[PDB]
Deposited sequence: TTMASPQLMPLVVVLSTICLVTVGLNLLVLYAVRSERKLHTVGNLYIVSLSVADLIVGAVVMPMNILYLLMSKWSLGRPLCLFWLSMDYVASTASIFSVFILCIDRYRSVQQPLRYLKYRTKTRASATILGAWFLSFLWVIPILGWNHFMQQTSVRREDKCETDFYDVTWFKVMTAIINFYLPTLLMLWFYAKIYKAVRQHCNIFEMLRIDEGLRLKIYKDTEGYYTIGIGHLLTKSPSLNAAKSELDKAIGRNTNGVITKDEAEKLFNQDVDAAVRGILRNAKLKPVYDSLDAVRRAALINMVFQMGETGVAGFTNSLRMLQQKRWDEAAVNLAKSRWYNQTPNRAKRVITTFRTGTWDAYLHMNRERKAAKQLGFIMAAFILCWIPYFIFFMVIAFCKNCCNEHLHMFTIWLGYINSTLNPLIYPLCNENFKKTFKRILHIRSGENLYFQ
């Protein structure tokens, strides 16, 4: 009895939220992206669900029998099966794009364009609208819904379960496991200082007679190369001959990092900033210590306070005014960006793909979270003959209708251009 309007309010948001996404694409020139046409088709399939499938399913909960009749009832049987297939198809067609978009950036051959996007978003609705055929095909009554004409046929029910869900969901996952393997580093501190200082695998003697190896590991008190070789041989624990390996350079690096954190904590002006700072932001501070030293870094009084005080933009502006920034600009920018955002962005490439991959994963994570339980419930009924009530079966169909309400909410959380367009349209 209280769940009459509960499912209705859910339907009320879906009619607008999906409509908002559809308006946002046509209104903004910044949202006219080729990969956003696949987000359009998914919002179309999810709107049909809100305006047609959702209100007609509320009536069956209020009035046990259908006030619909043959024309409305056969079309509702089509629009539920066509839109849900279109949803998995929009997702599978979107993932195939991101994959080729990741693999070949230079698809200036007419592949990342309307002529190739609209050709695959029209052809996807052809494989989805094929559902209207077995809706009128009896040539080959119950209390759950309008009745699918083949509800008794358990051999066909399992074949459409795989062809329309189990088959795409496995191929979709296979392709995504490949996308996630292409943009998967996410840096660390060794990788960060490798970008900034460089990794030398052979002892280098500079202009003032200084012996460097690895990620700028100086070989202290080495008058001659043989003294530097003998100190390095003691450190590494072998007869290197001035030549070390990446893994040795990393072992040595890891020592210098502990040595830097120990020194930071032995520092009065430093210890409070470091302690307040997160994982990545500590790396940006260690990085500075590695270039200027405990003493040099601790003479960054104002900025260090802004950092401690969690004023990231204030600090990023202040640090950008420093003499350090004027002298080493590209390192200072990468370090300052890291203090500003608290991310490894400055030390990573393909950030647009990286961002878009998290969004695709979020979309796929919703569609499997919403429909799986229902499809695994179909795996149950197939041989049991009704092992459970229609009190929970009514929820697994509505949880799938929850994905239709959930997807318009996903887009701004991951996409930046959507987040601002959604905020600007709400405050008119």
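S.K.: No C-alpha coordinates anywhere in a stretch? Then put that deposited-sequence range on the list, in order along the chain.
M.R.: Those parts of the chain that were deposited but carry no coordinates are 1-8, 149-155, 444-452.
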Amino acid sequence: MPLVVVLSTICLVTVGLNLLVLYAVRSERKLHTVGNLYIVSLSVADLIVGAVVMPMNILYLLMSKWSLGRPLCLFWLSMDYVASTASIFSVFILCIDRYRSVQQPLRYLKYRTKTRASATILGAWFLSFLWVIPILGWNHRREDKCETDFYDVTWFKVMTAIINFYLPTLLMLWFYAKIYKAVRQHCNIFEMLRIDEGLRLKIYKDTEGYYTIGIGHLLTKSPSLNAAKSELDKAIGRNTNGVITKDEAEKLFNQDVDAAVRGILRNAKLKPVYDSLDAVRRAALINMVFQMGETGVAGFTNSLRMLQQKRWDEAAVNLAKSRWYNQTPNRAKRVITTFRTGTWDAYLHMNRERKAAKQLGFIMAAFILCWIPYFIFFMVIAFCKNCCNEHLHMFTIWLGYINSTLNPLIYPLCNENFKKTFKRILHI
From here on, numbers count along this sequence of modelled residues.
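S.K.: Quick check: 216-224 versus 130-138, which has the larger average CA B-factor in the record?
M.R.: Taking the mean C-alpha B-factor of 130-138 and of 216-224, the larger value falls to 130-138.
S.K.: On average, which has the higher Cα B-factor in the deposited entry, 88-96 or 67-75?
M.R.: Per the deposited B-factors, the answer is 67-75.
S.K.: Highest Cα temperature factor in the entry, among the options 248, 353, 143, 196: which one is it?
M.R.: Max CA B-factor in the entry, restricted to 248, 353, 143, 196: 143.
S.K.: If you check the C-alpha B-factor for each of 376, 39, 369, 360 in the entry, which is highest?
M.R.: It is 376.
S.K.: Looking at the entry's B-factor column for C-alpha atoms only, identify whether residue 164 ranks in the lowest, middle or highest third of its chain.
M.R.: Residue 164: CA B-factor falls in the middle third of its chain.
S.K.: Residue 341's Cα B-factor: lowest, middle or highest third of the chain?
M.R.: Bottom third by C-alpha B-factor.
S.K.: In terms of the CA temperature factor given in the entry, to which third of its chain does residue 252 belong: lowest, middle or highest?
M.R.: Lowest third.
S.K.: By the record's CA B-factor, is residue 107 among the lowest, middle or highest third of residues in the chain?
M.R.: CA B-factor rank for residue 107: middle third.
S.K.: Looking at the temperature factor on the CA atom of residue 177, which third of the chain's modelled residues does it land in?
M.R.: Middle third, going by the recorded CA B-factors of the chain.
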